[PDB]
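A.B. asks: One structure, pasted below without further comment.
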Amino acid sequence: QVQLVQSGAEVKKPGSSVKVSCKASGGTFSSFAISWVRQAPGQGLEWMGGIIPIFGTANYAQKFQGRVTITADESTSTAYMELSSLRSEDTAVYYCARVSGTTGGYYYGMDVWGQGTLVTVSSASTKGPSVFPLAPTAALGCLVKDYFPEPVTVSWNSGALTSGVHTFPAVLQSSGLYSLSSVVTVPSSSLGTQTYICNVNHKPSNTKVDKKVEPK
Amino acid sequence: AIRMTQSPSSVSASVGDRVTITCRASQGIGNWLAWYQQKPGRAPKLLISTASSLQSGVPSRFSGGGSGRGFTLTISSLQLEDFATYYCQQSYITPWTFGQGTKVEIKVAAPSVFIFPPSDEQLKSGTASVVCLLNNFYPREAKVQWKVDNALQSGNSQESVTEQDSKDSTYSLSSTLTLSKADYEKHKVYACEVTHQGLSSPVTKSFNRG
Amino acid sequence: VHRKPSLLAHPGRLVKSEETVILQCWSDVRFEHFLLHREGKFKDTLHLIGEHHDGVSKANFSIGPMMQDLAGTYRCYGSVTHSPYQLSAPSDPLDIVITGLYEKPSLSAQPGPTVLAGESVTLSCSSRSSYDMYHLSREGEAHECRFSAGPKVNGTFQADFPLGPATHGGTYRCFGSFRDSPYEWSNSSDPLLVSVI
Ligand SMILES: *[C@@H]1O[C@H](CO)[C@@H](O)[C@H](O)[C@H]1NC(C)=O
Ligand SMILES: *[C@@H]1O[C@H](CO)[C@@H](O)[C@H](O)[C@H]1NC(C)=O
């Protein structure tokens, strides 16, 4: 019962190099011809290349040649696949599979497959928050809306105000953008006589926005 | 180098209809074509090799035909386990090329809506149960709103959904509105509003006491 | 173990398209297993158990209906162990080529097909296709490769094969090939009989 196990998912930046392993059991690794197939998000299945049975030399596809190196280690009973230069197009699920052959030197298909490995280029997509006042025991606050991704940090008076501060967990809106609110419970007489400024920082977008909450 | 053109790209099918998938080759590949099945998340599975030869553990409903440049995959009777994406791959010449894939998807079925007024026998007990029936719908996400007169109600409804049926991958939903007899007598028009992807517009089924 | 097996090709290394050729690994050295390796567009290794007849160990590998991937330089390795697969020194190479993938060339003889003894004969391979090189074959099993001249004003790509002073006569055929695909040849030219009177 030939079986194939693969390496774990990898998140890599553009221009990096990724290596995926394919461990084989249930037979002699030298008898197996292990190929590598890529499944892109929109594209279907693409044969990138495969190792020859005994000697370990690899046939390649022209499209993937130059950035893909396919190797094998007989001691570990494991096959490897390495992408040289990572681009956003390379983000896909990469499979390894055993190709079975019949008479005449022909191969008829890939009968055994691995579980697949997810490689993902860096997302590099952020959106800054918009801060609006929740205007004023009394309650004041700030509505941090339409930001991506998490997290967002909220402070009050540059951190000098901690009493009565409740910063709610974030919710994912229908737009796919996050939003949260921070509120402060405040003595009523202090509204016209005390200053309340919410300091919102979104480090992914490196945006820092401060808003003074004024009673209306 | 050998280009494989697969048609159709998508099949909206229900359980039991014959589905035919074709794969055309840019040049003659003989009988060296393989058909694969990939269910979501899992890896591709080889179903047929040598155009017609089935692998072990593959049901007989899967059949493969063709030679040269024209090939076909026919599933005589579809089942719920057969809803997946199917690919054809040539094995004739080294740049082994797969087809674009055929996505066999479950057909979106709009729900048939029925509203059931409370029974006179049940009304003698002092409680009234208004039932709204959504039958044979896919997908399983639906919004059932109870509107007595034109006012929406909230805390007086419970729901129950059937398990997916094999003969037709269709869910069924029942929404039960329980009110008192005096509350039931105060208002006249009782309506059930349903919004579903298969329904073009939100459907309203209503009755007036009398 | 630097004892090399021998690799033969029945009927011949020139196999027509979609036809089958038997590659035989044979040796006086006793081998229990044989491995057939191909270098080319599609590299692959085939195994066959060894058969013992007299003192010769032999295996008739079968290369099926000829296609582009099955053409290349074949070298046969030998072994008596299976799980170790202790590999012998490689056999002497054998280039298996596929024929009939392109239009046939034209083979002509100057001064002529029939000639007197000692008279020099030159065979000309011509085709309107842009064959980068031509191959001359006598009695099927032969290999004389010369680069081809480009587009003549006639529109023909030509190569001239000097046979030299004529002592033997034979049936010569011409094949055309492109430099990108070295093991993929064309249809055979119409055979030309050289007779020495
Ligand atoms: C290999 O084939 C040739 C020609 O068909 C035959 O003469 C020979 O006996 C065969 N050898 C074996 C070991 O089968
Ligand atoms: C090669 O010869 C065969 C006949 O043996 C013919 O059918 C085929 O068309 C020829 N190929 C070309 C490219 O003309």
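Chains as they are written, first to last, in our numbering: chain A, -10 to 205; chain B, 38 to 247; chain C, -2 to 194. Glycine included, every Cβ here is placed at the ideal spot set by N, Cα and C.
Is the Cβ of residue 134(B) closer than 8 Å to any Cβ of chain C?
C.D. replies: Position 97 of the second sequence holds residue 134(B). With 8 Å as the cut-off, residue 134(B) does not count as an interface residue toward chain C.
A.B. asks: Pull up the DSSP beta-bridge partners for residue 83(A), would you.
C.D. replies: On the first sequence, position 94 is the one that residue 83(A) refers to. Paired residues: 27(A), 106(A).
A.B. asks: Buried or exposed: where does residue 87(A) fall if 16 or more other Cβ atoms within 10 Å of its Cβ makes it buried?
C.D. replies: The sequence position of residue 87(A) within the first sequence is 98, counting from 1. So residue 87(A) counts as buried.
A.B. asks: Would residue 110(C) and residue 192(C) be called neighbours here (beta carbons separated by less than 8 Å)?
C.D. replies: Stepping through the third sequence from its first residue, residue 110(C) is reached at position 113. Stepping through the third sequence from its first residue, residue 192(C) is reached at position 195. Taking 8 Å as the Cβ cut-off, residue 110(C) and residue 192(C) qualify as a contacting pair.
A.B. asks: Measuring alpha carbon to alpha carbon, tell me which of 149(B), 101(B), 116(B), 160(B) ends up nearest residue 142(B).
C.D. replies: Counted from its first residue, the second sequence places residue 142(B) at position 105. The option with the nearest alpha carbon to residue 142(B) is 116(B).
A.B. asks: Is any non-hydrogen atom of ligand 4 found closer than 7 Å to the C-beta of residue 100(C), if you look at the structure I gave you?
C.D. replies: Ligands present in the displayed structure are limited to ligand 1 and ligand 2, and ligand 4 is not among them.
A.B. asks: Using Cβ-Cβ distances below 9 Å, what residues of the region 17 to 38 of chain A are close to chain B?
C.D. replies: The region 17 to 38 of chain A vs chain B, Cβ under 9 Å: 24, 26, 28, 32, 33, 34, 35, 36.
A.B. asks: What distance in whole Å lies between the Cβ atoms of residue 52(B) and residue 206(B), which are believed to be in contact at a cut-off of 8 Å?
C.D. replies: Position 169 of the second sequence, counted from the start, is the residue given in the question as residue 206(B). Position 15 of the second sequence, counted from the start, is the residue given in the question as residue 52(B). With 8 Å as the limit, residue 206(B) and residue 52(B) qualify as a contact, their Cβ atoms being about 6 Å apart.
A.B. asks: Determine the burial state of residue 140(C): buried for a count of at least 16 other Cβ atoms within 10 Å of its Cβ, exposed for fewer.
C.D. replies: Stepping through the third sequence from its first residue, residue 140(C) is reached at position 143. When all chains shown are included, residue 140(C) counts as exposed.
A.B. asks: For residue 35(A), count neighbouring C-beta atoms within 10 Å of its own C-beta (all shown protein chains included) and say buried if the count is 16 or more, exposed if not.
C.D. replies: Residue mapping note: residue 35(A) aligns to position 46 of the first sequence, counting from 1. Answer is buried; the Cβ neighbour count reaches 16.
A.B. asks: Does the CB of residue 130(B) have a neighbour CB from chain D at under 8 Å?
C.D. replies: Note that chain D does not occur in the displayed structure, where the protein chains are A, B and C.
A.B. asks: Residues in the same chain with beta-carbon distance under 6 Å from residue 190(B), minus the five sequence neighbours each way, listed in chain order, please.
C.D. replies: Start at 1 with the first residue of the second sequence, and residue 190(B) comes out as number 153. Counting only Cβ-Cβ distances below 6 Å, and skipping sequence neighbours, we find 183.
A.B. asks: Looking at the structure shown, is residue 108(C) part of a helix, part of a strand, or coil, going by DSSP?
C.D. replies: As a first step, residue 108(C) must be located in the third sequence, where it is residue number 111. Shown here, residue 108(C) sits in coil according to DSSP, grouped into three states, outside any helix or strand.
A.B. asks: Between 90(A), 75(A), 158(A), which lies nearest to residue -1(A) when the distance is taken from Cα to Cα?
C.D. replies: Walking along the first sequence from the start, residue -1(A) turns up at place 10. The option with the nearest alpha carbon to residue -1(A) is 75(A).
A.B. asks: In the DSSP output, which residue or residues are listed as bridge partners for residue 49(B)?
C.D. replies: Taking the second sequence and counting its residues from 1, the one referred to as residue 49(B) is at position 12. DSSP, once it has assigned bridges, lists 142(B) as partnering residue 49(B).
A.B. asks: Would you say residue 235(B) and residue 145(B) are within 8 Å of each other, going by their C-beta atoms?
C.D. replies: On the second sequence, residue 235(B) is found 198 positions in, with the first residue counted as 1. On the second sequence, residue 145(B) is found 108 positions in, with the first residue counted as 1. Yes, the Cβ-Cβ distance between residue 235(B) and residue 145(B) is below 8 Å.
A.B. asks: Helix, strand or coil: how does DSSP classify residue 137(C) here?
C.D. replies: Within the third sequence, numbered from 1, the residue matching residue 137(C) stands at position 140. Correct three-state label for residue 137(C): coil.
A.B. asks: Looking at chain A, is there any beta carbon in it that lies within less than 8 Å of the beta carbon of residue 71(B)?
C.D. replies: Translated into the one-based positions of the second sequence, residue 71(B) becomes position 34. Yes, its Cβ sits closer than 8 Å to a Cβ of chain A.
A.B. asks: Less than 7 Å between the CB of residue 19(C) and some heavy atom of ligand 1, yes or no?
C.D. replies: Taking the third sequence and counting its residues from 1, the one referred to as residue 19(C) is at position 22. Yes; taking the cut-off as 7 Å, the Cβ of residue 19(C) has a heavy atom of ligand 1 nearer than that.
A.B. asks: Shorter than 7 Å, the distance from the beta carbon of residue 137(C) to the closest heavy atom of ligand 2, or not?
C.D. replies: Within the third sequence, residue 137(C) is the residue found at index 140, counting from 1. For ligand 2, not one heavy atom lies less than 7 Å from the Cβ of residue 137(C).
A.B. asks: Which bits of chain B does residue 50(A) rub up against, with CB to CB less than 9 Å?
C.D. replies: Taking the first sequence and counting its residues from 1, the one referred to as residue 50(A) is at position 61. Within 9 Å Cβ-Cβ: 131, 132, 133.
A.B. asks: Flag this pair as touching only if the region 45 to 60 of chain B and the region 125 to 144 of chain A have three or more C-beta atom pairs under 8 Å; answer yes or no.
C.D. replies: no
A.B. asks: Of all the CB atoms in chain B, is at least one closer than 8 Å to the CB of residue 104(A)?
C.D. replies: Sequence index remark: in the first sequence, residue 104(A) carries index 115 (1-based). Chain B, which has a Cβ nearer than 8 Å to the Cβ of residue 104(A), makes this yes.
A.B. asks: Please list the partners that residue 43(A) has in chain C, where partner means a Cβ-to-Cβ separation under 9 Å.
C.D. replies: Stepping through the first sequence from its first residue, residue 43(A) is reached at position 54. Within chain C, the residues near residue 43(A) are 32, 34, 42, 44, 74, 82, 84.
A.B. asks: Quick check on residue 40(C): buried or exposed, where buried means 16 or more other Cβ atoms within 10 Å of its Cβ?
C.D. replies: Residue numbering aside, residue 40(C) sits at position 43 when the third sequence is read from its first letter. Counting Cβ neighbours within 10 Å, residue 40(C) comes out buried, since at least 16 surround it.
A.B. asks: Does chain A have any CB closer than 8 Å to the CB of residue 80(B)?
C.D. replies: In the second sequence, residue 80(B) corresponds to position 43, counting from 1. At least one chain A Cβ lies under 8 Å of residue 80(B).
A.B. asks: Give a yes or no on contact between the region 107 to 118 of chain A and the region 69 to 83 of chain A, applying the rule of three or more CB pairs nearer than 8 Å.
C.D. replies: Verdict: yes, contact present.
A.B. asks: Check whether the Cβ of residue 66(C) lies closer than 8 Å to any Cβ atom in chain B.
C.D. replies: Mapped onto the third sequence, residue 66(C) falls at position 69. Yes - at least one Cβ of chain B is within 8 Å of the one on residue 66(C).
A.B. asks: Given the structure, does residue 7(C) come close to ligand 1, in the sense that its CB is under 7 Å from one of the ligand's heavy atoms?
C.D. replies: As a first step, residue 7(C) must be located in the third sequence, where it is residue number 10. Within the cutoff, so yes.
A.B. asks: Could you tell me whether any non-hydrogen atom of ligand 2 is closer than 7 Å to the CB of residue 184(C)?
C.D. replies: The sequence position of residue 184(C) within the third sequence is 187, counting from 1. Checking the 7 Å criterion, the Cβ of residue 184(C) is within range of a heavy atom belonging to ligand 2.
A.B. asks: What residue from 24(C), 75(C), 115(C), 6(C) has the CA that sits closest to residue 42(C)'s CA?
C.D. replies: Residue 42(C) sits at position 45 when you count from the first residue of the third sequence. It is 75(C) whose Cα lies nearest to the Cα of residue 42(C).
A.B. asks: Taking residue 180(C) as part of the alpha helix (DSSP H), name the residues at either end of that continuous run.
C.D. replies: Within the third sequence, numbered from 1, the residue matching residue 180(C) stands at position 183. Careful: residue 180(C) lies outside any alpha helix (DSSP H) and carries neither H nor E.
A.B. asks: Identify the residues that DSSP records as bridge partners of residue 34(C): which are they?
C.D. replies: Position 37 of the third sequence, counted from the first residue, corresponds to residue 34(C). Partner(s): 42(C), 72(C).
A.B. asks: Is there at least one Cβ from chain C nearer than 8 Å to residue 93(A)'s Cβ?
C.D. replies: If you number the first sequence from 1, residue 93(A) lands on position 104. Chain C, which has a Cβ nearer than 8 Å to the Cβ of residue 93(A), makes this yes.
A.B. asks: Span of the beta strand (DSSP E) holding residue 135(A)?
C.D. replies: What you label residue 135(A) is simply residue 146 of the first sequence in a count that begins at 1. Note, residue 135(A): beta strand (DSSP E), 127 to 136.
A.B. asks: Which whole-angstrom value describes the C-beta separation of residue 172(A) and residue 150(A), a residue pair presumed to lie in contact below a C-beta threshold of 8 Å?
C.D. replies: For the purposes of this step, residue 172(A) is taken as the residue at position 183 of the first sequence. For the purposes of this step, residue 150(A) is taken as the residue at position 161 of the first sequence. The C-beta distance from residue 172(A) to residue 150(A) rounds to 12 Å, too long to fall under 8 Å, and the pair is not in contact.
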